[PDB]
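**Student:** My questions all concern the structure below.
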Amino acid sequence: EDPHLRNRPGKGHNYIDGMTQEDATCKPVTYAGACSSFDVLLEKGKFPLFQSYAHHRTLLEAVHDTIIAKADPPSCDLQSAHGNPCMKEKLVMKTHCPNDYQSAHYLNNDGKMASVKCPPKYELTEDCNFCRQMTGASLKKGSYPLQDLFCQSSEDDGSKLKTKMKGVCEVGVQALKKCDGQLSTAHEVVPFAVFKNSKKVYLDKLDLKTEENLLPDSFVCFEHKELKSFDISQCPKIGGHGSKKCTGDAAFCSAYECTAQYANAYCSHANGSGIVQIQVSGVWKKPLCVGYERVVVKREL
Amino acid sequence: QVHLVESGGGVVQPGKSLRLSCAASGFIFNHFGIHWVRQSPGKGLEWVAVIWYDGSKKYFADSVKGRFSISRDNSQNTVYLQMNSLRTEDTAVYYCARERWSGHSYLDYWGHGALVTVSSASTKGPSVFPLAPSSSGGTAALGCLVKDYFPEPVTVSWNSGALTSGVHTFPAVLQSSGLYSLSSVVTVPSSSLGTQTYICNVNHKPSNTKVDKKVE
Amino acid sequence: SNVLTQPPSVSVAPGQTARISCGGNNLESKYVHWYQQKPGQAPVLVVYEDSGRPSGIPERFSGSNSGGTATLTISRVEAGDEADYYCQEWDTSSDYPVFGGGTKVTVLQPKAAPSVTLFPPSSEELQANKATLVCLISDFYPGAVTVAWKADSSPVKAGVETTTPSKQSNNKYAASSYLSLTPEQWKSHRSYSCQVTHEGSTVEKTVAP
């Protein structure tokens, strides 16, 4: 029922650096066109958290909006001998890559975007762990998102926030405490969040809340060309000026001038938009990003 | 159905300018970059320019670095290639071509080609002369010679084009003077060279010169 | 910099496959494409992203890039494939692509001696202190037709302009040559002559005042 999932907050840029050959439909993502780094996120049921918060930013959008920094290095070469510095983080993730991707990206332990990358004419294997030369379809021009997540800006300092999980010895690459006894091992889907000045915080339970507002990213605006994405910053506030004429719903017209039959664009409140906060060791905090990933977890017996 | 229609290609003198226009249909103008690749007379292809799907990146060839500019309009689905300070070697058939992917990709659709002739000659009409047959079976051959015209094209029909049968107009030659000179030959049975006369009609459009000349 | 090298020309008999090469650094890594331009027409893309078949290209055509060399293979060669073939790479480091020089492929072929017709000046032209002789040549396959004029069995070395061949409506080729003189150089000589050579065959025509 939501027709505006492609009208993106931020840059709406769903490409990874070094793969710019689909910039026409990924830079920015908009109503028209296909974008191999973004469209998979909208496949019903594949990315349920993002699809519940689809007017918030993707990982690539948050990277290009300068909310999340890129890891150093920003891509790992899977063909190499020693492998790549990402290998430890990647191997503890259980992932399924569709065919025909050359690249895949994830939010690493430092809260930065890392990626695994194949050479020219090489594709990722199905487990996302190796590269291979298959004689088949052309490769996609973008990068596959490895985690189900969404992002937003935040100034809330998380420098004192740390993973705390009852009875866990290891989760992904995080060893939580000494355990010299016998352990049980499983792949688990674990929620996590990243905060300003924090590392990745894995969590035992996901408890989220959303505060709606009338900030610019709480709206999606479109004009008629075919639909076209429109920059809300052009719309005059009540009592102010702009470069375009706009109109919209009651929430929009509470803050912006609405010119009805002369407007160049229509703006409406984005389902689910607002500040999402997350509960972490009993306290509500404003994260940079929230997501799920599937990682090895070892627990005390 | 993607169509690339080009125009603005004309005959101009060195030092002056031209503006090539490429209209595009059958696709989304916003999702594809547009290139300009010129081919010199009988030489190889040469990429000249590219404008991105959004116009943020505009790359030029080093032979026209600075002298050429590019622009595009979404409201018109059009690409303009402005060529200031044209040189003689710029004379070429220019093709606007869509590029599939935004960068480092292949050109999937090409235009018909706009002829840009950058010669220093002047727009001058031809001079017609009768090439008469003299002493093949029972068939002779006559015609008319067209001399010192610029630029192409010159159309030489025969008696209001009523004799097109067995008539060949041979390609003009560009002397060291830069002018074109062609011939129009017609074969006719020797038993018919007496009664019927043969007047060829030479027409040169840029010089606005039309002449109906007789042969012997 | 990055340069693509193709054979200057390749010829093949009909039905038999023909192979065109394209050379350069790191062709294994880079993506190589191929365009087919028939004379007087726009280049049509026929190979994209090494192996890659555009919509409307028969099975007879195939592209590849191996060992560091790109190759275009054409099986069951039809005569309607006589054309120029250009390879092209666009490396990520290069902000603009690179076209190869261009292979020029001809099908192999009804040989036929040329046909020459030489016309002397006219009265209208000579009355204005101008002399011109015309030599029209047609119906020769292949198009190799070097032309040499003559004057009273003496070689001329000025005033001659020759057009390179051009395909006619009969799949053959035609050309022309124009000799420029003054009337004093047209009447002072017994005769004038024109020669065309297809394969050493010095076909000669003659005129006189």
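Chain lettering (A, B, ...) mirrors the order of the structure tokens, residue numbering begins at 1 for each chain separately, and ligand numbering begins at 1 in order of display.
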Using only C-alpha atoms and a distance of at most 6 Å, pull out the residues of chain A that contact chain B, as JSON, numbers by chain.

**Tutor:** {"A": [21, 22, 23, 24]}

**Student:** If the cut-off is 6 Å, can you tell me the residues of chain B near chain C, counting only C-alpha atoms? I'd like them as a VMD selection string.

**Tutor:** chain B and resid 104 108 112 173

**Student:** Please, could you write that set of residues out with N, CA and C atoms as a PDB file, in the first residue's frame?

**Tutor:**
ATOM      1  N   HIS B 104      32.129   3.708 -18.057  1.00  0.00           N
ATOM      2  CA  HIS B 104      32.951   2.531 -18.341  1.00  0.00           C
ATOM      3  C   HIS B 104      32.122   1.404 -18.951  1.00  0.00           C
ATOM      4  N   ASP B 108      25.175   1.408 -26.884  1.00  0.00           N
ATOM      5  CA  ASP B 108      24.169   0.470 -27.369  1.00  0.00           C
ATOM      6  C   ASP B 108      23.323   1.003 -28.518  1.00  0.00           C
ATOM      7  N   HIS B 112      21.944   8.556 -36.765  1.00  0.00           N
ATOM      8  CA  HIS B 112      22.140   8.455 -38.210  1.00  0.00           C
ATOM      9  C   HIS B 112      23.460   9.077 -38.645  1.00  0.00           C
ATOM     10  N   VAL B 173      35.171  15.049 -57.313  1.00  0.00           N
ATOM     11  CA  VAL B 173      36.539  15.021 -56.817  1.00  0.00           C
ATOM     12  C   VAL B 173      36.856  16.376 -56.200  1.00  0.00           C
TER      13      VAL B 173
END

**Student:** Counting only C-alpha atoms, what is within 10 Å of residue 181 in chain B, bar same-chain residues fewer than 4 positions away, as a PyMOL selection string?

**Tutor:** (chain B and resi 126-128+145-150+152+154+170-175) or (chain C and resi 161+178)

**Student:** For chain A, report every residue with an atom at most 12 Å from chain C (counting only C-alpha atoms), formatted as a ChimeraX atom specification.

**Tutor:** /A:18-21,118-122,133,135-139
